[PDB]
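Contents: one structure, followed by commentary.
Throughout, a chain's letter reflects where its sequence line sits, starting with A, and its residues are numbered from 1. The figures that follow rest on heavy atoms only: side chains count, while hydrogens, waters and symmetry mates do not.
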Amino acid sequence: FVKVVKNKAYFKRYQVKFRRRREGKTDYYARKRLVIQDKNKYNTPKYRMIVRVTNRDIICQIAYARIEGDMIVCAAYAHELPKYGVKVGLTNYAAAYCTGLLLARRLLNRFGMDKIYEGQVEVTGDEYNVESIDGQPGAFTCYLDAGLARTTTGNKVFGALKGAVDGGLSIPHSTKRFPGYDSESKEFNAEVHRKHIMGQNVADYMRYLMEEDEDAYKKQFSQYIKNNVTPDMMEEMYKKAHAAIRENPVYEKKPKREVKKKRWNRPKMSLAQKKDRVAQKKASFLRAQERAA
Amino acid sequence: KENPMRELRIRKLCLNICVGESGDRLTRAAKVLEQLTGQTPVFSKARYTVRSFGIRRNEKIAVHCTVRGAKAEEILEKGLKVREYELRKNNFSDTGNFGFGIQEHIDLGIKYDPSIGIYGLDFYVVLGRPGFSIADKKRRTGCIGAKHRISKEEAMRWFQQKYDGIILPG
Amino acid sequence: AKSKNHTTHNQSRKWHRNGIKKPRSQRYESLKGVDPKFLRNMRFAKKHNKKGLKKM
Amino acid sequence: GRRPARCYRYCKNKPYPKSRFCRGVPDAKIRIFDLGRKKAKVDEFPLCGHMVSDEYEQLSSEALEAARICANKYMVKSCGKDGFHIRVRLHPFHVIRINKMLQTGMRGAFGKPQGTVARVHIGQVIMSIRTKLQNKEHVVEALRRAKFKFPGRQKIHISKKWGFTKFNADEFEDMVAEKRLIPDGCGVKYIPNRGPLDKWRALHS
Amino acid sequence: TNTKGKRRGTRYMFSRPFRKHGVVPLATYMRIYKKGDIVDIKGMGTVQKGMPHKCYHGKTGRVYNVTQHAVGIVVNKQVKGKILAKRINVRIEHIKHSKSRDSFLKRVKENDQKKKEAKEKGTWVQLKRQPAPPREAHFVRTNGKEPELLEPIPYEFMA
Amino acid sequence: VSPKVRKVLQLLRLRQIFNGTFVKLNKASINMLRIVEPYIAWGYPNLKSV
RNA sequence: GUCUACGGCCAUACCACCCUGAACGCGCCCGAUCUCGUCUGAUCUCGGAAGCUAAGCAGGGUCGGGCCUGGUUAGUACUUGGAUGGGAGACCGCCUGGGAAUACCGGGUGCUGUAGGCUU
RNA sequence: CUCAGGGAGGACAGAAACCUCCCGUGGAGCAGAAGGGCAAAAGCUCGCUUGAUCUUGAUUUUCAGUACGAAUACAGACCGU
RNA sequence: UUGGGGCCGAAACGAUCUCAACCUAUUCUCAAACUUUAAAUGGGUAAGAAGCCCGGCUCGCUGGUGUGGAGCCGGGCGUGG
Ligand SMILES: [Mg+2]
Ligand SMILES: [Mg+2]
Ligand SMILES: [Mg+2]
Ligand SMILES: [Mg+2]
Ligand SMILES: [Mg+2]
Ligand SMILES: [Mg+2]
Ligand SMILES: [Mg+2]
Ligand SMILES: [Mg+2]
Ligand SMILES: [Mg+2]
């Protein structure tokens, strides 16, 4: 035959990687540079905005790391958006912007910094960076943790960043990976960015599919017509969502209720059960031979 | 009743012509795949120089293309129309994948242009299941498991069932 | 005319005649070799410690 | 042709094997290490006798071959050519060096390779003969004749193991009959209770 | 004679342990070193910048200067008649908090607590570490069985 | 006399042959009397000996 | 009881095969007008929600391999210091202290930090 | 993005040209001698570049604790990405 | 899984011995320039008043935050650990 690679000597010398690397979730090469602090800063917290886009949700957190594991100081999710007004399309660019705005205003409400550093209330899509007013507490500085998302032009990890820096946080960035940047001429057009902030690219697709074929329209947008979301009112829907987010961004936890404490999985088998099972198997195997021989 | 997430589909169809020289032969052979598929193919170069075959290191040798979607179905049907819907037992691999080779590309149905001439090529069919993107997506890459794998015996049954072909022993 | 190349035979006995003494431990070691930015700011703090004397 | 064995007798230098640094070593004088009826099963040669070194010295490959030839040629005459198995359990891996005096004297006096010896400890088995229980005194006499080809002092010890194995002869037959040992040609395989049960079913079926 | 190379004879000294290669963990990055901390030095071959010399591997010193990625350590060095106080700039991966002073600090806080205690009660509690004394006189109960008689075993030539 | 042993024989104040001294016993003392073991003859004195 | 985002120590966590997954989630999945990128919307990016736990994932199993931790090996091998000990030597014994590692035989098969869910 | 190598397949194609699937803890590669180190990299391929620039001091290595060479932490600038 | 000799097959991954390369569990013997393990002896630090402890002040350094760090003063603890 051919020599088997995964022999006993293969597993004796095998060094596993880290658990998060084995699950694939964490780039430790980027983590070593995103997280650690200069040693002459002496346990000053180094914050980061984690933006993670799942299939049906957008998660925005802000974390700083100690020895025991990093501490989440504020978290904003995209499934909280039906409270604020938008119910359909919780995983697009406009929902990423609303999640970043939630995270920014919710952190400023925790630190008591709502009135100072309002941010860009009337959105334009331009390069906005908050400036620390002297005689006041300084602006919150954090850095984007894009993770393993490929940071090309038009990413929702940068939409959440635009939402945060319009909410009032100081995240250093350039306006190159925002949509509207023309790589042919190296110039950023802010009006195209404002369309993606207000979700007008989805509005054009709904109008396009409505004029092409109503069957493809109902296939692609089933919850839009179920919840009565039309391309003309999405603009004011996202404006009212922004207004409701900046009006009250404080998160109230859902009340935990008492549970009957049922076990859904299987408990681990004990030693005596494992010793008896193999004895029953051997006793069955000898009996099946003396009964068939 | 079988789980419809386990439906055995065609993932991709890989085509190449291995010419072995450089020059206008490669351009004509690439034009064959370009007018056959509708997409431009890509040139494949040599790994290292062997002096008995006339090839050199980093010299362009072959022309290959990959076809996915509903176009691969009709290109594969044009191939098995030439092959009379028969294959051998040795044309199926251990991983559930199968290919064959065709000697005159005109038999596809493509028209003869006197400047290009006659080339043969070979087709390879990469079957798949819904869920095979796990092994090559970037974020959380994982294995495919054992029950979800395609085998030689199950790929032969798929070919005999859907294309109504026959497997002659050899 | 070959001679001896190298040895350390009597050296450990020579070292212990006057003793192998640790360096002179003093309080207030020198700030020479400390990084210039923090050393520059410490001088500014020492320069203005006399400012809040009447409040102290 | 070569120097007497009293020169390269004691284990003075560090071990100096044939490797990518020490090249040009001539071939070892002993190449056949076990011989006789080496294609024999375990249960037919139960008696094992060892020649055991009592000293820490070097044994040359020429002496190893000269001893095993004498042991073979006595045991063939005594018990037949197919009634024994002799195994030399010492391989010559140390390389001794020769500094030829053609007149530079001791300038740059590092030796070129001369031959191969085996570094032998106290209590280490030199050769082992397995045969039936009736050929005990023939094994003792054959090893006593082979002691004269070696420097120093050796002892003769009839082992308590079953042949060329590591299991005791009083319990070997019971441990085979309980299927804890399986014959595997010259030696046996020990079957523990630690594998999957599908091998236990194949064992007991 | 030998060479004067910087990393001569560091083949096993600067090598990683078995099945402990690869990505360096981040807890040795996100821990805090201040001036006066007692630090032992252990060279790691994964990172090559800021490596201590081989004569400081296994030594212990005290931090005097802290930078962005490195700390400065005063290490005692035995040189040929005498001991010098060396000032070396070592990057943070080669650096570990020593636990030798930790037991002394836990004893200092225990001694201060035990001195605040028993001042209002008027008694006297031992604060010095006494060495291991001779054991006190005790009774050994041979309850039931007599002690087992041990004898030397005869020789067996198992060689 | 070895240097480590000379230092312990001076810390026991035994600088001359047939000198005697009283030493209280603990682990730190037994591990020094083990170092100076071939050069001394020590034991447990009687009350009349004291 | 358990999951998700981000982690700490990095196999008690890995590898092979099998079984089961309620709810939320994570996913597979459906598409390419817009952002973006390819020979190929397979990957990446984007817009979704018809179907499905099949796979990934979680839990569990295997007289499982590995790994971790013990016993045996064994006070053995080795070793600090000592003798006007033995031996022709090679080397060995004793006094004084310290003390390993295979084969072989048992047990175990991730703990946990912050934030947010489901089990109302 | 993943290498060395291997297995099973595919016209000419064979030991060895090219395509595809699977296994692959590094068995490859990192200019050279060897050793150490390294896998979403320090390897391979691309895009942009000149931190191979100017300027003080301090430190380590050889060491007399002197130089040269080489090296490590900073600080002041101007930059690249 | 290919071969070195075949042989009954004109022949077929057929009969069917075989010997070597290969594969799989075992086994004998080794390494100054091998190593999963791994001593004895040894090499560094610590075993306090230059330490703990509170309060206040300064900073152009560092920061969401009279945050963090460092330097200054003013006291209190002597069973001298
Ligand atoms: Mg990155
Ligand atoms: Mg001289
Ligand atoms: Mg010598
Ligand atoms: Mg798709
Ligand atoms: Mg699943
Ligand atoms: Mg299932
Ligand atoms: Mg097991
Ligand atoms: Mg948890
Ligand atoms: Mg990279």
Side-chain angles (χ1 to χ4, degrees), chain A residues 184, chain B residues 8-128 132-133 136 150 152 155-156 158-160 162-168 170:
Chain A
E184 305 172 355
Chain B
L8 201 61
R9 57 180 61 185
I10 292 166
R11 199 173 74 182
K12 78 184 145 175
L13 175 76
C14 299
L15 315 181
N16 64 6
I17 319 168
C18 194
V19 187
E21 306 112 301
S22 191
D24 285 273
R25 286 274 303 259
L26 294 174
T27 70
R28 292 188 296 271
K31 194 159 292 297
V32 175
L33 298 184
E34 172 154 31
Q35 65 182 357
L36 176 59
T37 61
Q39 49 200 27
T40 181
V42 62
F43 292 77
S44 179
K45 296 192 284 188
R47 293 179 66 188
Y48 61 95
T49 300
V50 297
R51 57 143 288 176
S52 65
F53 292 155
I55 73 172
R56 305 169 136 201
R57 150 88 64 81
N58 298 321
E59 183 178 1
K60 296 180 182 290
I61 295 309
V63 166
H64 68 272
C65 175
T66 300
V67 176
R68 290 210 176 79
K71 180 71 174 177
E73 182 179 0
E74 65 183 1
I75 301 298
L76 196 46
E77 190 276 331
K78 291 204 262 153
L80 277 296
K81 193 173 183 293
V82 171
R83 266 303 162 277
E84 293 84 4
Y85 310 98
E86 65 183 1
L87 299 164
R88 298 153 56 51
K89 195 173 70 67
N90 292 341
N91 288 351
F92 290 80
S93 56
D94 62 358
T95 49
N97 281 298
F98 69 100
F100 54 92
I102 188 167
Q103 303 147 72
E104 65 183 1
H105 78 279
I106 300 301
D107 271 346
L108 277 298
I110 190 168
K111 297 317 159 310
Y112 180 74
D113 200 7
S115 75
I116 296 89
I118 306 304
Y119 303 92
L121 72 164
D122 44 30
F123 293 168
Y124 205 84
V125 187
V126 181
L127 290 162
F132 267 35
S133 296
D136 52 355
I150 316 165
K152 199 170 155 196
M156 293 180 183
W158 172 89
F159 175 76
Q160 288 189 315
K162 160 206 178 313
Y163 275 66
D164 218 333
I166 54 168
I167 314 294
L168 61 86

Atom pair [atom1]/[atom2] of [X] and [Y] - distance to nearest 0.5 Å:
X	Y	atom1	atom2	result
B/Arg51	B/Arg56	CZ	CZ	13.0 Å
B/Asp113	B/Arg28	CG	CZ	11.0 Å
B/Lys31	B/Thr40	NZ	OG1	8.5 Å
B/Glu104	B/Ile110	CD	CD1	13.0 Å
B/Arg88	B/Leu168	CZ	CG	7.0 Å
B/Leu15	B/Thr66	CG	OG1	7.5 Å

Is any side-chain heavy atom of [X] closer than 4.5 Å to a side-chain heavy atom of [Y]?
X	Y	answer
B/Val19	B/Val63	no
B/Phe43	B/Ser22	no
B/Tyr124	B/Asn16	no
B/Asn91	B/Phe159	no
B/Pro41	B/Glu34	yes

**Item:** B/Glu59 side chain to B/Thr49 backbone, donor-acceptor under 3.5 Å
**Value:** no

Exercise. Taking B/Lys162 for its side chain and B/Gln160 for its backbone only, find out whether a donor-acceptor pair lies under 3.5 Å.
Key: no

May I have the step-by-step check of side-chain contact (heavy atoms from CB on, under 4.5 Å) for B/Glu21 and B/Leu26, ending in yes or no? CA-CA 7 Å; B/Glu21 306 112 301; B/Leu26 294 174; over 6 Å; no

Without placing hydrogens or testing angles, list every side-chain donor-acceptor pair under 3.5 Å for residues 67-83 of chain B, not counting sequence neighbours.
unit_1  : atom_1 : unit_2   : atom_2 : d
B/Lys71 : NZ     : B/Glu74  : OE2    : 3.4
B/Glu77 : OE2    : B/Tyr85  : OH     : 3.1
B/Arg83 : NH2    : B/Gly101 : O      : 2.4

Is the B/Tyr163 ring parallel, tilted or perpendicular to the B/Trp158 ring (thresholds 30°, 60°)?
tilted

Closest heavy-atom contact between [X] and [Y]?
X	Y	value
B/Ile116	B/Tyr119	CG2-CE1, 3.6 Å
B/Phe53	B/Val50	CD1-CG2, 3.6 Å
B/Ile17	B/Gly120	CG2-O, 3.3 Å
B/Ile150	B/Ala155	CG2-CB, 4.5 Å
B/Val126	B/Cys14	CG2-SG, 4.5 Å
B/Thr37	B/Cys65	OG1-SG, 4.2 Å

Q: Apply the test side-chain contact (heavy atoms from CB on, under 4.5 Å) to residues B/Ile102 and B/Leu121: give CA-CA distance (whole Å), side-chain angles for both, the deciding distance (0.1 Å), then the verdict.
A: CA-CA 6 Å; B/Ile102 188 167; B/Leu121 72 164; 3.6 Å; yes

Mind running side-chain contact (heavy atoms from CB on, under 4.5 Å) on B/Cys18 and B/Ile61 for me, showing each step along the way?
-> CA-CA 6 Å; B/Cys18 194; B/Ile61 295 309; 4.1 Å; yes

